[PDB]
Number of protein chains: 20
Amino acid sequence: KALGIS
Amino acid sequence: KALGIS
Amino acid sequence: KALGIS
Amino acid sequence: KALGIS
Amino acid sequence: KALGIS
Amino acid sequence: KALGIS
Amino acid sequence: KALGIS
Amino acid sequence: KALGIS
Amino acid sequence: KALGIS
Amino acid sequence: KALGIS
Amino acid sequence: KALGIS
Amino acid sequence: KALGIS
Amino acid sequence: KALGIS
Amino acid sequence: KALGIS
Amino acid sequence: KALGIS
Amino acid sequence: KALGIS
Amino acid sequence: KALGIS
Amino acid sequence: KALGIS
Amino acid sequence: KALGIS
Amino acid sequence: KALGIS
């Protein structure tokens, strides 16, 4: 799974 | 912040 | 399952 | 915040 | 089951 | 908030 | 089942 | 908000 | 926010 | 399932 | 922010 | 799955 | 910032 | 800062 | 997976 | 997995 | 700064 | 500073 | 994987 | 893995 935070 | 986990 | 938070 | 889990 | 909160 | 669970 | 919230 | 689940 | 889960 | 939040 | 997970 | 945040 | 993960 | 992990 | 941050 | 921080 | 990882 | 690890 | 930072 | 810091 990938993770992104603005 | 926005946050997403695929 | 994927997770999103605005 | 809005939140979704698929 | 999926979950959504506005 | 509105909330739904499929 | 799909879920939508305006 | 309006809400629908198919 | 609007939210959809397919 | 896909997830979208405006 | 808008957020999508395919 | 792909992830996008505006 | 915008963020994407393919 | 924005942060992503693929 | 590829990662991009504006 | 790759890591990026703006 | 913008950042990309292929 | 921005930081990336491939 | 390649890395670029503006 | 490669490392870059602006």
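Residues numbered from 1 in each chain as written, not as in the entry; some residues may be left out. Chains lettered and ligands numbered in written order. Heavy atoms only, no water.

Determination of this PDB entry was carried out by X-ray crystallography to a resolution of 1.6010 Å, according to the record.

A. Molecular detail of the nonpolar core. With 25 residues, the main nonpolar core has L3(I), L3(J), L3(K), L3(L), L3(M) and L3(O) as its most contacted residues. Looking at this core, the elements that each hand over two or more residues are β1 (3–5) of chain G, β1 (3–5) of chain I, β1 (3–5) of chain J, β1 (3–5) of chain K, β1 (3–5) of chain L, β1 (3–5) of chain M, β1 (3–5) of chain O together with β1 (3–5) of chain Q. Discounting residues that sit within four places of it in the chain, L3(M) has contacts with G4(A), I5(A), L3(L), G4(L), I5(L), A2(N), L3(N), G4(N), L3(O), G4(O) and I5(O). (Core = buried A, V, L, I, M, F, W, Y, C linked by side-chain atoms within 4.5 Å. Buried < 20%, exposed > 50% of the residue type's maximum accessible area, 1.4 Å probe, protein only. Helix = DSSP H or I, 4+ residues; strand = E, 2+ residues; numbered from the N terminus. Contact = heavy atoms within 4.5 Å.)

B. Expanded view of the sheet that holds strand β1 (residues 3–5) of chain S. Reading across the sheet, the 10 strands line up as β1(H)-β1(G)-β1(I)-β1(J)-β1(K)-β1(L)-β1(M)-β1(O)-β1(Q)-β1(S) and stay open at both edges, with antiparallel pairing between neighbours. In the strand order of this sheet, the two ends are held by β1 (3–5) of chain H together with β1 of chain S, each with one partner. For this sheet, the mean inter-axis angle between neighbouring strands, taken without regard to orientation, is 5 degrees. (Pairing = 2+ DSSP bridges. Axes fitted to C-alpha atoms, helices over the stretch in contact; angles between N-to-C directions.)

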